[PDB]
>>> print(open('structure-v1.txt').read())   # compact mmCIF, C-alpha atoms and all ligand atoms
# COMPACT_ATOMS: atom_id res chain seq x y z
CA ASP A 26 9.01 29.19 15.15
CA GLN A 27 5.78 27.07 15.15
CA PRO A 28 6.40 23.31 15.69
CA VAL A 29 6.87 21.15 12.53
CA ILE A 30 4.93 17.98 11.57
CA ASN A 31 6.70 15.95 8.86
CA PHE A 32 4.02 14.11 6.90
CA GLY A 33 5.17 11.05 4.92
CA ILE A 34 3.44 10.34 1.61
CA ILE A 35 4.29 7.01 -0.14
CA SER A 36 5.56 7.06 -3.73
CA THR A 37 2.46 5.82 -5.57
CA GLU A 38 3.03 8.59 -8.13
CA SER A 39 5.68 11.26 -8.81
CA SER A 40 6.16 13.85 -6.05
CA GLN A 41 5.07 16.57 -8.46
CA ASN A 42 1.72 14.81 -8.98
CA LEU A 43 1.31 14.15 -5.22
CA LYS A 44 2.04 17.75 -4.25
CA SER A 45 -0.80 19.04 -6.39
CA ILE A 46 -3.33 17.00 -4.33
CA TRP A 47 -1.47 16.78 -0.98
CA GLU A 48 -0.39 20.40 -0.55
CA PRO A 49 -3.97 21.76 -0.14
CA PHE A 50 -4.65 19.12 2.49
CA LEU A 51 -1.41 19.79 4.44
CA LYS A 52 -2.10 23.54 4.28
CA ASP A 53 -5.53 22.92 5.90
CA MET A 54 -3.89 20.67 8.47
CA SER A 55 -1.36 23.46 9.26
CA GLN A 56 -4.12 26.07 9.60
CA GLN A 57 -6.35 23.93 11.83
CA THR A 58 -3.70 22.44 14.09
CA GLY A 59 -1.31 25.42 14.31
CA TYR A 60 1.64 23.22 13.25
CA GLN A 61 3.69 23.80 10.12
CA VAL A 62 3.08 20.57 8.19
CA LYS A 63 5.70 19.64 5.62
CA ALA A 64 5.45 16.81 3.08
CA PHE A 65 8.11 14.10 3.25
CA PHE A 66 8.58 12.20 -0.04
CA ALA A 67 10.97 9.36 -0.92
CA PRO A 68 11.90 7.23 -3.92
CA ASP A 69 10.30 4.14 -2.47
CA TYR A 70 8.05 3.22 0.47
CA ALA A 71 11.11 2.08 2.49
CA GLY A 72 12.23 5.74 2.63
CA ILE A 73 9.06 6.71 4.53
CA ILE A 74 9.19 3.67 6.87
CA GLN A 75 12.89 4.22 7.72
CA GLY A 76 12.35 7.99 8.00
CA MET A 77 9.67 7.25 10.62
CA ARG A 78 11.93 4.76 12.38
CA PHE A 79 14.46 7.61 12.96
CA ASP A 80 11.80 10.22 13.82
CA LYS A 81 12.20 12.19 10.56
CA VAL A 82 8.59 11.36 9.67
CA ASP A 83 5.92 12.01 12.34
CA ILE A 84 2.82 10.75 10.60
CA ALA A 85 2.28 9.05 7.24
CA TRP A 86 -0.21 7.83 4.68
CA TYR A 87 0.89 4.25 4.03
CA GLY A 88 -0.56 1.23 2.26
CA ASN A 89 -1.41 -1.67 4.52
CA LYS A 90 1.88 -3.61 4.01
CA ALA A 91 4.00 -0.50 4.67
CA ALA A 92 1.87 0.25 7.77
CA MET A 93 2.62 -3.30 9.00
CA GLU A 94 6.36 -2.73 8.49
CA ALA A 95 6.07 0.66 10.26
CA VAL A 96 4.32 -0.92 13.28
CA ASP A 97 6.89 -3.74 13.37
CA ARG A 98 10.09 -1.80 12.60
CA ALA A 99 9.44 1.91 12.92
CA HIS A 100 7.56 2.30 16.24
CA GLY A 101 4.36 3.14 14.30
CA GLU A 102 0.74 3.00 15.38
CA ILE A 103 -2.44 3.16 13.25
CA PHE A 104 -4.91 5.79 14.43
CA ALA A 105 -7.09 6.28 11.36
CA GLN A 106 -8.20 4.85 8.04
CA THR A 107 -9.10 6.44 4.73
CA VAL A 108 -12.44 5.69 3.06
CA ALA A 109 -12.85 5.74 -0.73
CA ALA A 110 -14.69 8.69 -2.32
CA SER A 111 -16.97 6.11 -4.02
CA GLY A 112 -17.91 4.56 -0.69
CA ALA A 113 -16.09 1.31 -1.68
CA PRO A 114 -14.95 -0.63 1.39
CA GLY A 115 -11.42 -0.95 -0.11
CA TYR A 116 -9.54 -1.13 -3.41
CA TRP A 117 -8.08 -3.83 -5.67
CA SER A 118 -4.74 -4.96 -7.08
CA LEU A 119 -4.39 -5.32 -10.86
CA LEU A 120 -2.15 -6.86 -13.44
CA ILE A 121 -1.91 -4.61 -16.51
CA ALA A 122 -0.69 -5.26 -20.08
CA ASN A 123 -0.65 -3.02 -23.15
CA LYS A 124 -3.91 -2.98 -25.12
CA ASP A 125 -2.01 -4.43 -28.11
CA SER A 126 -0.67 -7.38 -26.13
CA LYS A 127 -1.74 -10.94 -26.85
CA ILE A 128 -1.40 -11.58 -23.09
CA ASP A 129 -5.00 -11.29 -21.97
CA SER A 130 -5.10 -13.30 -18.74
CA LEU A 131 -3.15 -14.63 -15.83
CA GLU A 132 -2.92 -18.01 -17.59
CA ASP A 133 -1.51 -16.38 -20.75
CA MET A 134 1.14 -14.62 -18.66
CA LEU A 135 2.18 -17.70 -16.67
CA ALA A 136 2.18 -19.90 -19.81
CA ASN A 137 4.47 -17.40 -21.61
CA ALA A 138 6.52 -16.03 -18.70
CA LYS A 139 9.98 -16.87 -20.10
CA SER A 140 9.31 -14.58 -23.08
CA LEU A 141 7.93 -11.66 -21.00
CA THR A 142 9.27 -8.76 -19.00
CA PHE A 143 7.49 -8.19 -15.67
CA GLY A 144 7.24 -4.97 -13.70
CA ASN A 145 6.85 -6.08 -10.10
CA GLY A 146 5.98 -3.52 -7.45
CA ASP A 147 7.69 -1.81 -4.57
CA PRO A 148 8.55 -4.62 -2.10
CA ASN A 149 6.63 -2.73 0.63
CA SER A 150 3.45 -2.38 -1.53
CA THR A 151 0.27 -4.27 -0.71
CA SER A 152 -1.27 -4.14 -4.21
CA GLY A 153 2.06 -3.96 -6.02
CA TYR A 154 3.87 -6.86 -4.34
CA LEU A 155 2.17 -8.76 -1.51
CA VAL A 156 -1.27 -9.40 -3.06
CA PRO A 157 -0.15 -10.54 -6.53
CA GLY A 158 2.86 -12.14 -4.82
CA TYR A 159 0.45 -14.51 -3.09
CA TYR A 160 -2.53 -14.95 -5.46
CA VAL A 161 -0.67 -14.79 -8.76
CA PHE A 162 2.77 -16.21 -7.94
CA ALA A 163 2.90 -18.28 -4.73
CA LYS A 164 -0.45 -20.01 -5.32
CA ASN A 165 0.64 -21.01 -8.85
CA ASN A 166 4.21 -21.91 -7.84
CA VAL A 167 5.79 -19.42 -10.27
CA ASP A 168 8.69 -17.33 -8.93
CA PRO A 169 8.78 -13.84 -10.43
CA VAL A 170 12.52 -13.54 -9.77
CA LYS A 171 13.20 -16.59 -12.07
CA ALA A 172 10.24 -17.08 -14.42
CA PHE A 173 10.49 -13.99 -16.60
CA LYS A 174 12.95 -12.79 -19.24
CA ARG A 175 13.51 -9.82 -16.95
CA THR A 176 11.86 -8.20 -13.90
CA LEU A 177 11.97 -4.73 -12.39
CA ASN A 178 10.59 -3.31 -9.12
CA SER A 179 8.92 0.05 -9.53
CA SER A 180 6.22 2.33 -8.18
CA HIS A 181 2.66 2.04 -9.42
CA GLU A 182 2.92 5.02 -11.71
CA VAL A 183 6.31 3.93 -13.15
CA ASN A 184 4.84 0.46 -13.91
CA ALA A 185 1.73 1.94 -15.58
CA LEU A 186 3.85 4.19 -17.81
CA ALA A 187 6.31 1.36 -18.64
CA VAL A 188 3.43 -0.85 -19.84
CA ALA A 189 1.80 2.06 -21.70
CA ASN A 190 5.13 2.83 -23.43
CA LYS A 191 5.80 -0.83 -24.31
CA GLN A 192 8.94 -1.13 -22.15
CA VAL A 193 7.50 -3.89 -19.92
CA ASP A 194 4.95 -6.52 -20.99
CA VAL A 195 2.97 -6.96 -17.75
CA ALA A 196 3.10 -5.13 -14.43
CA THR A 197 1.38 -4.78 -11.08
CA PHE A 198 -0.89 -1.81 -10.44
CA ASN A 199 -4.08 -0.97 -8.54
CA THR A 200 -7.53 0.52 -9.08
CA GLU A 201 -6.79 3.80 -7.27
CA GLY A 202 -3.64 4.40 -9.36
CA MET A 203 -5.70 3.63 -12.50
CA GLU A 204 -8.26 6.28 -11.61
CA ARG A 205 -5.43 8.74 -10.98
CA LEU A 206 -3.69 7.94 -14.28
CA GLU A 207 -7.03 8.25 -16.13
CA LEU A 208 -7.21 11.82 -14.79
CA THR A 209 -3.58 12.94 -15.02
CA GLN A 210 -2.47 11.01 -18.17
CA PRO A 211 -5.45 9.68 -20.09
CA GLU A 212 -3.27 9.04 -23.20
CA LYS A 213 -1.29 6.51 -21.13
CA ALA A 214 -4.38 4.96 -19.45
CA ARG A 215 -5.75 4.44 -22.96
CA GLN A 216 -2.75 2.17 -23.74
CA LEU A 217 -3.55 -0.13 -20.77
CA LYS A 218 -5.86 -3.11 -20.30
CA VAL A 219 -6.50 -5.02 -17.06
CA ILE A 220 -5.82 -8.76 -17.26
CA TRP A 221 -6.25 -9.67 -13.58
CA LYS A 222 -8.02 -8.29 -10.51
CA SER A 223 -7.34 -9.31 -6.91
CA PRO A 224 -9.61 -9.73 -3.95
CA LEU A 225 -10.51 -6.56 -2.03
CA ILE A 226 -7.79 -4.85 0.01
CA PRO A 227 -8.89 -2.66 2.96
CA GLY A 228 -8.45 1.12 2.92
CA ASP A 229 -5.06 2.67 3.67
CA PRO A 230 -4.33 3.57 7.27
CA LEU A 231 -2.76 6.70 8.69
CA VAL A 232 0.11 5.92 11.07
CA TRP A 233 2.04 7.98 13.57
CA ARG A 234 5.25 7.31 15.37
CA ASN A 235 4.18 6.25 18.85
CA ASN A 236 6.59 8.67 20.60
CA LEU A 237 4.84 11.72 19.13
CA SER A 238 3.67 14.02 21.98
CA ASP A 239 0.19 13.70 23.46
CA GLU A 240 -0.64 17.17 22.23
CA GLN A 241 0.28 16.33 18.65
CA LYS A 242 -1.60 13.00 18.75
CA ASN A 243 -4.73 14.65 20.10
CA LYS A 244 -4.71 17.58 17.66
CA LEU A 245 -4.11 15.18 14.76
CA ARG A 246 -6.98 12.94 15.84
CA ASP A 247 -9.22 15.97 16.13
CA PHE A 248 -8.15 17.18 12.67
CA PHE A 249 -8.66 13.93 10.77
CA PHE A 250 -11.95 12.91 12.34
CA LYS A 251 -13.55 16.37 11.97
CA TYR A 252 -12.28 16.94 8.37
CA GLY A 253 -14.74 17.31 5.49
CA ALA A 254 -17.07 19.85 7.13
CA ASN A 255 -17.45 22.30 4.18
CA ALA A 256 -17.06 22.69 0.39
CA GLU A 257 -13.35 23.51 0.50
CA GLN A 258 -12.51 20.41 2.59
CA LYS A 259 -14.84 18.18 0.59
CA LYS A 260 -12.98 19.20 -2.59
CA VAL A 261 -9.61 18.39 -0.96
CA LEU A 262 -10.90 14.95 0.05
CA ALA A 263 -12.39 14.27 -3.40
CA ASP A 264 -9.10 15.15 -5.11
CA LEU A 265 -7.35 12.65 -2.78
CA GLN A 266 -10.02 10.06 -3.81
CA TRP A 267 -11.49 9.92 -0.34
CA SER A 268 -14.85 10.64 1.25
CA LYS A 269 -13.69 10.78 4.87
CA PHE A 270 -11.36 9.49 7.57
CA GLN A 271 -12.50 7.08 10.22
CA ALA A 272 -11.01 5.77 13.43
CA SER A 273 -8.83 2.64 13.15
CA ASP A 274 -6.14 0.77 15.09
CA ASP A 275 -3.34 -1.78 14.62
CA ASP A 276 -5.84 -4.65 14.39
CA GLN A 277 -6.79 -3.35 10.93
CA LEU A 278 -3.58 -5.20 9.94
CA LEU A 279 -4.62 -8.65 11.21
CA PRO A 280 -5.81 -9.98 7.75
CA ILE A 281 -2.82 -8.29 6.09
CA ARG A 282 -0.47 -10.07 8.47
CA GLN A 283 -2.37 -13.29 7.69
CA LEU A 284 -1.86 -12.80 3.93
CA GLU A 285 1.81 -11.97 4.53
CA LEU A 286 2.28 -15.21 6.46
CA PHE A 287 0.30 -17.23 3.87
CA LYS A 288 2.72 -15.85 1.26
CA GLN A 289 5.90 -16.52 3.26
CA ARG A 290 4.71 -20.05 4.11
CA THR A 291 3.70 -20.92 0.55
CA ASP A 292 6.92 -19.38 -0.78
CA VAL A 293 8.94 -21.60 1.63
CA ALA A 294 6.89 -24.71 0.76
CA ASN A 295 7.37 -23.97 -2.96
CA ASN A 296 11.11 -23.60 -2.59
CA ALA A 297 12.66 -26.77 -4.03
CA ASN A 298 16.16 -25.59 -3.07
CA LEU A 299 15.61 -26.04 0.65
CA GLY A 300 16.60 -29.29 2.40
CA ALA A 301 13.96 -31.38 4.19
CA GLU A 302 14.95 -30.26 7.69
CA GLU A 303 15.59 -26.63 6.76
CA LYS A 304 12.12 -26.47 5.17
CA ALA A 305 10.37 -28.30 8.07
CA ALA A 306 12.01 -25.94 10.59
CA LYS A 307 10.95 -22.78 8.70
CA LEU A 308 7.37 -23.97 8.12
CA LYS A 309 7.00 -25.00 11.78
CA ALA A 310 8.04 -21.45 12.82
CA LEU A 311 5.67 -19.83 10.28
CA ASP A 312 2.78 -22.10 11.31
CA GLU A 313 3.31 -21.11 14.97
CA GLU A 314 3.15 -17.41 14.00
CA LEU A 315 -0.04 -18.14 11.98
CA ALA A 316 -1.60 -20.06 14.92
CA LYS A 317 -0.92 -17.13 17.29
CA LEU A 318 -2.34 -14.64 14.76
CA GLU A 319 -5.48 -16.64 14.04
CA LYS A 320 -6.19 -17.05 17.76
CA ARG A 321 -6.05 -13.24 18.13
CA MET A 322 -8.32 -12.93 15.09
CA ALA A 323 -10.75 -15.48 16.59
CA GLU A 324 -10.78 -13.55 19.88
CA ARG A 325 -11.71 -10.32 18.11
CA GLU A 326 -14.52 -11.99 16.01
CA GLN A 327 -15.96 -13.77 19.14
CA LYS A 328 -16.08 -10.52 21.16
CA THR A 329 -18.16 -9.11 18.24
CA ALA A 330 -20.26 -12.33 18.63
CA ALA A 331 -20.77 -12.08 22.47
CL CL A 401 9.53 12.19 -8.16
>>> encode(input="structure-v1.txt", output="structure tokens", more="lines below")
Ligand SMILES: [Cl-]
Amino acid sequence: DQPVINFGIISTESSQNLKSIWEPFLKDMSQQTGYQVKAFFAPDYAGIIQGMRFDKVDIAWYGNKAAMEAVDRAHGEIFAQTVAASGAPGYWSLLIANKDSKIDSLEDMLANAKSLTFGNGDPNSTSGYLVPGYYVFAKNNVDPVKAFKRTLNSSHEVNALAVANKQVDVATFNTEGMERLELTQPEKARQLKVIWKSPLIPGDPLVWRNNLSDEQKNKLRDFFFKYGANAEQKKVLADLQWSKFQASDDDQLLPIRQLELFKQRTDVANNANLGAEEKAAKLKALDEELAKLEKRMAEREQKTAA
């Protein structure tokens, strides 16, 4: 009758794939903390966020956008951040096409959109939805829900396989998923080429529900920050594509929130269906949120100055 920690793991890949690399880690977490740690999977990232909102998920590995939603809607708090095994300070979003495709660039895709099928990402994905949503779509005034022959919304792994198998022409993806696919399904990775790469996205945070007990919070902090001390733990980390965990907080999300608001604002400005007053009202509201955010960001950068 040892207390249970439900650990949410976002659907970047199939649960079967995730278990093979997550189970050794959760077993170590169980041993070190004295809790029974059980994986919580879902079909999409929303399942983890909503699970946390109703206290079915205690702690989770999220991407940055899902962490933002968890903080805003699911009583979440960031306490740690993953660091790439390579030492990279983050990862990147990709657009992928099949190696046989004549689409070889963002311009080729946009120029030919009406003839193409597009695999968009999970709507709570940073690399799969938000990042390309802004840099590829909003900035170029092309709406993925209208521009293509057909669109889908799928996990990273489902998009990669759909492009590999010639079911979708272009899809969103990311560099961490690519490395994983290269390991688990090299025959599929061999069918893929990268036609676009985003700016750097910061490392994924770990988030807990803020009503977790003090004892659980403290033992979890101790576990994450001390992990990687020996060969066994180093192997676990490497298989998860990490080198270590470091301390973080909700302010990790400030630039993510900025990108989210840049996207929403540009999407509203681009929307030719809106009336003059309806548009002006929405943009005023969004610009006030951006002003408040950028003041907070300025405060944080100036305290690092002085
Ligand atoms: Cl699955």
>>> closest_atom_pairs(input="structure-v1.txt", of="region 179-254 of chain A", to="region 82-87 of chain A", cutoff="10 Å", atoms="only C-alpha atoms", output="tab-separated table")
residue	atom	partner	partner_atom	distance
A:228	CA	A:87	CA	9.9
A:229	CA	A:87	CA	6.2
A:230	CA	A:87	CA	6.2
A:231	CA	A:86	CA	4.9
A:232	CA	A:85	CA	5.4
A:233	CA	A:84	CA	4.1
A:234	CA	A:83	CA	5.6
A:235	CA	A:83	CA	8.9
A:236	CA	A:83	CA	8.9
A:237	CA	A:83	CA	6.9
A:241	CA	A:83	CA	9.5
A:242	CA	A:84	CA	9.5
A:245	CA	A:84	CA	9.2
>>> write_last_selection(input="structure-v1.txt", atoms="C-alpha atoms", output="compact mmCIF listing (two decimals), keeping the file's coordinate frame")
# COMPACT_ATOMS: atom_id res chain seq x y z
CA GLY A 228 -8.45 1.12 2.92
CA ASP A 229 -5.06 2.67 3.67
CA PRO A 230 -4.33 3.57 7.27
CA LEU A 231 -2.76 6.70 8.69
CA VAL A 232 0.11 5.92 11.07
CA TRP A 233 2.04 7.98 13.57
CA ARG A 234 5.25 7.31 15.37
CA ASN A 235 4.18 6.25 18.85
CA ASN A 236 6.59 8.67 20.60
CA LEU A 237 4.84 11.72 19.13
CA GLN A 241 0.28 16.33 18.65
CA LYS A 242 -1.60 13.00 18.75
CA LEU A 245 -4.11 15.18 14.76
>>> residues_around(input="structure-v1.txt", residues="region 296-308 of chain A", least_positions_apart="3", cutoff="12 Å", atoms="all atoms listed in the file", output="PyMOL selection string")
chain A and resi 163+166-168+171+286-293+311-316
>>> closest_residue(input="structure-v1.txt", among="A:146, A:68, A:28, A:158", to="ligand CL 401 (chain A)", atoms="only C-alpha atoms and all ligand atoms")
A:68
>>> closest_atom_pairs(input="structure-v1.txt", of="chain A", to="ligand CL 401 (chain A)", cutoff="8 Å", atoms="only C-alpha atoms and all ligand atoms", output="CSV")
residue,atom,partner,partner_atom,distance
A:36,CA,A:CL401,CL,7.9
A:38,CA,A:CL401,CL,7.4
A:39,CA,A:CL401,CL,4.0
A:40,CA,A:CL401,CL,4.3
A:41,CA,A:CL401,CL,6.3
A:67,CA,A:CL401,CL,7.9
A:68,CA,A:CL401,CL,6.9
>>> atom_distance(input="structure-v1.txt", atom1="CA of residue 246 (chain A)", atom2="CA of residue 274 (chain A)")
12.2 Å
>>> closest_residue(input="structure-v1.txt", among="A:260, A:321, A:63, A:218", to="residue 189 (chain A)", atoms="all atoms listed in the file")
A:218
>>> closest_residue(input="structure-v1.txt", among="A:135, A:121, A:177, A:254", to="residue 270 (chain A)", atoms="only C-alpha atoms")
A:254
>>> closest_atom_pairs(input="structure-v1.txt", of="region 202-223 of chain A", to="region 179-183 of chain A", cutoff="10 Å", atoms="only C-alpha atoms", output="CSV")
residue,atom,partner,partner_atom,distance
A:202,CA,A:181,CA,6.7
A:203,CA,A:182,CA,8.8
A:205,CA,A:182,CA,9.2
A:206,CA,A:182,CA,7.7
>>> write_last_selection(input="structure-v1.txt", atoms="C-alpha atoms", output="compact mmCIF listing (two decimals), in the coordinates of the input")
# COMPACT_ATOMS: atom_id res chain seq x y z
CA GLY A 202 -3.64 4.40 -9.36
CA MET A 203 -5.70 3.63 -12.50
CA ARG A 205 -5.43 8.74 -10.98
CA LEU A 206 -3.69 7.94 -14.28
>>> build_atoms(input="structure-v1.txt", residues="region 291-314 of chain A", atoms="N, CA, C and O atoms", output="CSV table (one decimal), keeping the file's coordinate frame")
chain,number,residue,atom,x,y,z
A,291,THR,N,3.8,-20.3,1.9
A,291,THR,CA,3.7,-20.9,0.6
A,291,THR,C,5.0,-20.8,-0.2
A,291,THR,O,5.5,-21.7,-0.9
A,292,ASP,N,5.6,-19.6,-0.2
A,292,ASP,CA,6.9,-19.4,-0.8
A,292,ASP,C,8.0,-20.4,-0.3
A,292,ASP,O,8.8,-20.9,-1.1
A,293,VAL,N,8.0,-20.6,1.0
A,293,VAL,CA,8.9,-21.6,1.6
A,293,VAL,C,8.6,-23.0,1.1
A,293,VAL,O,9.5,-23.8,0.7
A,294,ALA,N,7.3,-23.4,1.2
A,294,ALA,CA,6.9,-24.7,0.8
A,294,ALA,C,7.2,-24.9,-0.7
A,294,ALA,O,7.7,-26.0,-1.1
A,295,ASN,N,7.1,-23.9,-1.5
A,295,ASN,CA,7.4,-24.0,-3.0
A,295,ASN,C,8.9,-24.1,-3.3
A,295,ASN,O,9.2,-24.5,-4.4
A,296,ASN,N,9.7,-23.8,-2.3
A,296,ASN,CA,11.1,-23.6,-2.6
A,296,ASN,C,11.8,-25.0,-2.6
A,296,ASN,O,12.0,-25.6,-1.6
A,297,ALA,N,12.0,-25.5,-3.8
A,297,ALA,CA,12.7,-26.8,-4.0
A,297,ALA,C,14.1,-26.8,-3.7
A,297,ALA,O,14.8,-27.8,-3.7
A,298,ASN,N,14.7,-25.6,-3.4
A,298,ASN,CA,16.2,-25.6,-3.1
A,298,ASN,C,16.4,-26.0,-1.6
A,298,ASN,O,17.6,-26.2,-1.3
A,299,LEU,N,15.4,-25.9,-0.8
A,299,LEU,CA,15.6,-26.0,0.6
A,299,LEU,C,15.7,-27.5,1.0
A,299,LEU,O,15.1,-28.3,0.3
A,300,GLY,N,16.6,-27.9,1.9
A,300,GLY,CA,16.6,-29.3,2.4
A,300,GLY,C,15.4,-29.6,3.3
A,300,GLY,O,14.7,-28.7,3.7
A,301,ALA,N,15.2,-30.9,3.5
A,301,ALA,CA,14.0,-31.4,4.2
A,301,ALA,C,13.9,-30.8,5.6
A,301,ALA,O,12.8,-30.3,6.0
A,302,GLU,N,15.0,-30.7,6.3
A,302,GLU,CA,15.0,-30.3,7.7
A,302,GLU,C,14.9,-28.7,7.8
A,302,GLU,O,14.2,-28.2,8.6
A,303,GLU,N,15.6,-28.1,6.9
A,303,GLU,CA,15.6,-26.6,6.8
A,303,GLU,C,14.1,-26.2,6.5
A,303,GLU,O,13.6,-25.3,7.1
A,304,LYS,N,13.5,-26.8,5.5
A,304,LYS,CA,12.1,-26.5,5.2
A,304,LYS,C,11.2,-26.7,6.3
A,304,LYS,O,10.4,-25.9,6.7
A,305,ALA,N,11.3,-27.9,7.0
A,305,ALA,CA,10.4,-28.3,8.1
A,305,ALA,C,10.5,-27.3,9.2
A,305,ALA,O,9.5,-26.9,9.8
A,306,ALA,N,11.7,-26.9,9.5
A,306,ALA,CA,12.0,-25.9,10.6
A,306,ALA,C,11.4,-24.6,10.3
A,306,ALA,O,10.7,-24.0,11.2
A,307,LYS,N,11.6,-24.1,9.1
A,307,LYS,CA,11.0,-22.8,8.7
A,307,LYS,C,9.4,-22.8,8.7
A,307,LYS,O,8.8,-21.9,9.2
A,308,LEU,N,8.8,-23.9,8.1
A,308,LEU,CA,7.4,-24.0,8.1
A,308,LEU,C,6.8,-24.1,9.5
A,308,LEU,O,5.7,-23.6,9.8
A,309,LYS,N,7.5,-24.9,10.4
A,309,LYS,CA,7.0,-25.0,11.8
A,309,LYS,C,6.9,-23.6,12.4
A,309,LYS,O,5.9,-23.3,13.1
A,310,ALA,N,8.0,-22.8,12.3
A,310,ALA,CA,8.0,-21.4,12.8
A,310,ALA,C,6.9,-20.6,12.2
A,310,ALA,O,6.2,-20.0,13.0
A,311,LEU,N,6.8,-20.6,10.9
A,311,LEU,CA,5.7,-19.8,10.3
A,311,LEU,C,4.3,-20.3,10.7
A,311,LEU,O,3.4,-19.4,10.9
A,312,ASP,N,4.1,-21.6,10.8
A,312,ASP,CA,2.8,-22.1,11.3
A,312,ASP,C,2.5,-21.7,12.8
A,312,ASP,O,1.3,-21.5,13.1
A,313,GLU,N,3.5,-21.6,13.6
A,313,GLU,CA,3.3,-21.1,15.0
A,313,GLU,C,2.9,-19.6,15.0
A,313,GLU,O,2.0,-19.2,15.7
A,314,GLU,N,3.6,-18.8,14.1
A,314,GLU,CA,3.2,-17.4,14.0
A,314,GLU,C,1.7,-17.3,13.5
A,314,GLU,O,0.9,-16.5,14.0
